[PDB]
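Written below as structure tokens is the structure these notes are about.
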Amino acid sequence: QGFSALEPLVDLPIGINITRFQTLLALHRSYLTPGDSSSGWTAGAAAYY
Amino acid sequence: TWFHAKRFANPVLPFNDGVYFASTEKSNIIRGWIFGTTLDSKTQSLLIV
Amino acid sequence: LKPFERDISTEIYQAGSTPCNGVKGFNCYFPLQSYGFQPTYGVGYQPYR
């Protein structure tokens with residue numbers, strides 16, 4: 001809970017009417033099996049909101 | 001919304017006049033924050049990595 | 001348009017509730033129009049930088 005004290009770091013204008021939003025998990029697993037994000041192939045248990 | 005990274009969690013979300021993000025992680029898993037009006041070659045799409 | 005925006009995504013215009021394709025069609029006028037600037041142009045039609 002704590003508190004929030006958010007501070008600006010990058011404030012550069014772009015000028016695009018954005019409608020979508022997606023993020024890259026950058027997941028990866030063993031090199032032996034090239035899953036290519038088909039099933040599993042994650043080897044990670046993190047989270048985001 | 002909880003978007004844990006165990007399974008595949010990469011849903012495209014509307015940019016509802018602003019957005020918030022947080023992520024608890026004992027790693028550097030999350031790297032990408034791509035944006036765009038349609039995430040296509042036709043329209044300009046912001047890519048953050 | 002909202003100020004500070006560019007219509008760089010060229011596409012065939014439609015009248016609404018009437019899909020059309022190609023380069024010319026009924027109720028479908030090309031959004032772009034050129035400027036045939038020549039010295040024979042008078043005031044008002046003079047191109048200004």
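Ligands are numbered from 1 in the order shown, residues from 1 within each chain, and chains are lettered A, B, ... in the order they appear in the structure tokens.
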Could the residues of chain B within 12 Å of chain C, counting only C-alpha atoms, be given as a ChimeraX atom specification, please?
/B:37-38,40-45
Produce a file of the selected residues containing N, CA and C atoms, as a PDB file, in the first residue's frame.
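In the end it all went to selection06.pdb:
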ATOM      1  N   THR B  37      -1.807   3.018 -32.702  1.00  0.00           N
ATOM      2  CA  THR B  37      -3.232   3.124 -32.999  1.00  0.00           C
ATOM      3  C   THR B  37      -3.806   1.778 -33.427  1.00  0.00           C
ATOM      4  N   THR B  38      -3.044   1.009 -34.209  1.00  0.00           N
ATOM      5  CA  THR B  38      -3.456  -0.329 -34.608  1.00  0.00           C
ATOM      6  C   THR B  38      -2.331  -1.351 -34.538  1.00  0.00           C
ATOM      7  N   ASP B  40       0.271  -1.683 -36.575  1.00  0.00           N
ATOM      8  CA  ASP B  40       0.400  -2.151 -37.945  1.00  0.00           C
ATOM      9  C   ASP B  40       1.484  -1.345 -38.650  1.00  0.00           C
ATOM     10  N   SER B  41       1.859  -1.807 -39.844  1.00  0.00           N
ATOM     11  CA  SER B  41       2.820  -1.064 -40.651  1.00  0.00           C
ATOM     12  C   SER B  41       2.184   0.169 -41.280  1.00  0.00           C
ATOM     13  N   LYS B  42       0.866   0.149 -41.485  1.00  0.00           N
ATOM     14  CA  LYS B  42       0.187   1.283 -42.102  1.00  0.00           C
ATOM     15  C   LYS B  42       0.217   2.503 -41.189  1.00  0.00           C
ATOM     16  N   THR B  43      -0.374   2.386 -40.004  1.00  0.00           N
ATOM     17  CA  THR B  43      -0.385   3.484 -39.052  1.00  0.00           C
ATOM     18  C   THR B  43       0.876   3.460 -38.192  1.00  0.00           C
ATOM     19  N   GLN B  44       1.239   4.632 -37.678  1.00  0.00           N
ATOM     20  CA  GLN B  44       2.406   4.734 -36.812  1.00  0.00           C
ATOM     21  C   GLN B  44       2.142   4.019 -35.494  1.00  0.00           C
ATOM     22  N   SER B  45       3.075   3.157 -35.096  1.00  0.00           N
ATOM     23  CA  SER B  45       2.953   2.384 -33.866  1.00  0.00           C
ATOM     24  C   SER B  45       4.196   2.610 -33.023  1.00  0.00           C
TER      25      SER B  45
END
Skipping near chain neighbours, those fewer than 3 positions away, what residues fall within 10 Å of residue B:8 using only C-alpha atoms, listed as a list in words?
residues 25, 27, 37, 38, 39, 40, 41 and 42 of chain A; 3, 4, 5 and 11 of chain B
Exercise answer, chain C residues close to chain A, 9 Å and only C-alpha atoms, as an MDAnalysis selection string:
chainID C and resid 4:6
Save out the residues we just selected, N, CA and C atoms, as an mmCIF file, in the first residue's frame.
data_model
loop_
_atom_site.group_PDB
_atom_site.id
_atom_site.type_symbol
_atom_site.label_atom_id
_atom_site.label_comp_id
_atom_site.auth_asym_id
_atom_site.auth_seq_id
_atom_site.Cartn_x
_atom_site.Cartn_y
_atom_site.Cartn_z
ATOM 1 N N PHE C 4 -2.882 19.258 -33.817
ATOM 2 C CA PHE C 4 -1.627 18.526 -33.647
ATOM 3 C C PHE C 4 -1.808 17.038 -33.965
ATOM 4 N N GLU C 5 -2.200 16.771 -35.208
ATOM 5 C CA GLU C 5 -2.330 15.401 -35.689
ATOM 6 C C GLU C 5 -2.175 15.397 -37.201
ATOM 7 N N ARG C 6 -1.707 14.265 -37.721
ATOM 8 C CA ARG C 6 -1.419 14.105 -39.139
ATOM 9 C C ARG C 6 -2.189 12.920 -39.703
#
Proximal residues of chain B relative to chain A (only C-alpha atoms; 7 Å) as a ChimeraX atom specification
/B:1-7,10-15,21-25,29-38
Create the file for the chosen residues now, containing N, CA, C and O atoms and written as a tab-separated table (two decimals), in the first residue's frame.
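Printed below is selection-v3.tsv as written:
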chain	number	residue	atom	x	y	z
B	1	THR	N	-6.34	-5.35	-12.96
B	1	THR	CA	-6.32	-6.70	-13.50
B	1	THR	C	-4.96	-7.35	-13.27
B	1	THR	O	-3.92	-6.76	-13.59
B	2	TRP	N	-4.97	-8.56	-12.72
B	2	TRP	CA	-3.75	-9.32	-12.47
B	2	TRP	C	-3.37	-10.06	-13.74
B	2	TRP	O	-4.16	-10.84	-14.28
B	3	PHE	N	-2.14	-9.83	-14.21
B	3	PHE	CA	-1.63	-10.38	-15.47
B	3	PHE	C	-0.34	-11.15	-15.23
B	3	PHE	O	0.69	-10.89	-15.87
B	4	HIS	N	-0.37	-12.08	-14.27
B	4	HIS	CA	0.78	-12.92	-13.97
B	4	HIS	C	1.39	-13.51	-15.23
B	4	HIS	O	0.69	-13.82	-16.20
B	5	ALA	N	2.71	-13.69	-15.21
B	5	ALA	CA	3.47	-14.08	-16.38
B	5	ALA	C	3.75	-15.58	-16.45
B	5	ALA	O	4.51	-16.02	-17.32
B	6	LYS	N	3.17	-16.37	-15.54
B	6	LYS	CA	3.31	-17.82	-15.63
B	6	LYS	C	2.78	-18.33	-16.97
B	6	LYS	O	3.52	-18.90	-17.78
B	7	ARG	N	1.49	-18.13	-17.22
B	7	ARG	CA	0.90	-18.42	-18.51
B	7	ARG	C	1.13	-17.26	-19.47
B	7	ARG	O	1.74	-16.24	-19.12
B	10	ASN	N	-0.60	-11.50	-22.62
B	10	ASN	CA	-0.28	-10.36	-23.48
B	10	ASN	C	-1.53	-9.94	-24.24
B	10	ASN	O	-1.61	-10.08	-25.46
B	11	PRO	N	-2.53	-9.41	-23.53
B	11	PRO	CA	-3.74	-8.95	-24.22
B	11	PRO	C	-3.63	-7.49	-24.63
B	11	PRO	O	-3.14	-6.64	-23.89
B	12	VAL	N	-4.08	-7.20	-25.85
B	12	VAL	CA	-4.11	-5.83	-26.33
B	12	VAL	C	-5.23	-5.09	-25.61
B	12	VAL	O	-6.36	-5.58	-25.51
B	13	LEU	N	-4.91	-3.91	-25.09
B	13	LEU	CA	-5.84	-3.18	-24.25
B	13	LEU	C	-6.05	-1.78	-24.78
B	13	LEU	O	-5.12	-1.15	-25.30
B	14	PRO	N	-7.27	-1.25	-24.68
B	14	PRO	CA	-7.52	0.13	-25.12
B	14	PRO	C	-6.77	1.12	-24.25
B	14	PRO	O	-6.58	0.92	-23.05
B	15	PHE	N	-6.35	2.22	-24.87
B	15	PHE	CA	-5.64	3.29	-24.17
B	15	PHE	C	-6.68	4.31	-23.72
B	15	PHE	O	-6.87	5.37	-24.32
B	21	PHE	N	0.57	1.13	-14.83
B	21	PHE	CA	1.25	-0.16	-14.89
B	21	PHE	C	2.11	-0.34	-13.66
B	21	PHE	O	2.72	0.61	-13.17
B	22	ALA	N	2.16	-1.58	-13.17
B	22	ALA	CA	3.06	-1.97	-12.10
B	22	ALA	C	3.40	-3.44	-12.29
B	22	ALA	O	2.68	-4.18	-12.97
B	23	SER	N	4.51	-3.86	-11.70
B	23	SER	CA	4.97	-5.24	-11.86
B	23	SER	C	5.94	-5.58	-10.75
B	23	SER	O	7.00	-4.97	-10.64
B	24	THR	N	5.57	-6.56	-9.92
B	24	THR	CA	6.49	-7.14	-8.96
B	24	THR	C	7.19	-8.33	-9.60
B	24	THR	O	6.55	-9.17	-10.24
B	25	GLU	N	8.52	-8.38	-9.47
B	25	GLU	CA	9.31	-9.39	-10.16
B	25	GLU	C	10.70	-9.44	-9.55
B	25	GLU	O	11.33	-8.40	-9.35
B	29	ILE	N	12.29	-9.53	-16.27
B	29	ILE	CA	11.54	-10.22	-17.31
B	29	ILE	C	10.90	-9.23	-18.28
B	29	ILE	O	10.98	-9.41	-19.50
B	30	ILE	N	10.26	-8.18	-17.77
B	30	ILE	CA	9.46	-7.30	-18.61
B	30	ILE	C	10.36	-6.28	-19.29
B	30	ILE	O	11.19	-5.63	-18.64
B	31	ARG	N	10.25	-6.18	-20.61
B	31	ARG	CA	11.14	-5.32	-21.38
B	31	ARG	C	10.41	-4.39	-22.34
B	31	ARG	O	10.89	-3.28	-22.62
B	32	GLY	N	9.26	-4.81	-22.86
B	32	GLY	CA	8.60	-4.13	-23.97
B	32	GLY	C	7.29	-3.48	-23.56
B	32	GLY	O	6.54	-4.03	-22.76
B	33	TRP	N	7.04	-2.30	-24.12
B	33	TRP	CA	5.82	-1.53	-23.86
B	33	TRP	C	5.28	-0.94	-25.16
B	33	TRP	O	5.04	0.26	-25.27
B	34	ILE	N	5.11	-1.78	-26.19
B	34	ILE	CA	4.71	-1.29	-27.50
B	34	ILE	C	3.35	-0.61	-27.44
B	34	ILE	O	2.44	-1.04	-26.71
B	35	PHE	N	3.20	0.47	-28.20
B	35	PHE	CA	1.95	1.20	-28.35
B	35	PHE	C	1.56	1.22	-29.83
B	35	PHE	O	2.18	0.56	-30.67
B	36	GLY	N	0.53	1.98	-30.14
B	36	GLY	CA	0.12	2.19	-31.51
B	36	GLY	C	-1.38	2.32	-31.64
B	36	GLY	O	-2.16	1.82	-30.83
B	37	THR	N	-1.81	3.02	-32.70
B	37	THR	CA	-3.23	3.12	-33.00
B	37	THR	C	-3.81	1.78	-33.43
B	37	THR	O	-4.94	1.43	-33.06
B	38	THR	N	-3.04	1.01	-34.21
B	38	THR	CA	-3.46	-0.33	-34.61
B	38	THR	C	-2.33	-1.35	-34.54
B	38	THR	O	-2.58	-2.53	-34.81
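The closest residue to residue C:12, picked from C:27, C:40, C:46, C:34 and counting only C-alpha atoms, is C:27.
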Rounded to one decimal in Å, what is the spacing between atom CA of residue A:8 and atom CA of residue B:27?
23.7 Å
Neighbouring residues of residue C:19 were defined as those with any atom within 9 Å, considering only C-alpha atoms; residues of the same chain fewer than 4 positions away were excluded. Please report them as a PDB file with C-alpha atoms, in the first residue's frame.
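The result, stored in selection_4.pdb:
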ATOM      1  CA  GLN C  14     -16.035   5.773 -47.923  1.00  0.00           C
ATOM      2  CA  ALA C  15     -19.315   7.618 -47.443  1.00  0.00           C
ATOM      3  CA  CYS C  28     -16.208   7.498 -52.604  1.00  0.00           C
TER       4      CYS C  28
END
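One distance worth recording is that between atom CA of residue C:3 and atom CA of residue C:18, which is 28.2 Å.
We find atom CA of residue C:36 and atom CA of residue C:49 to be spaced 15.3 Å apart.
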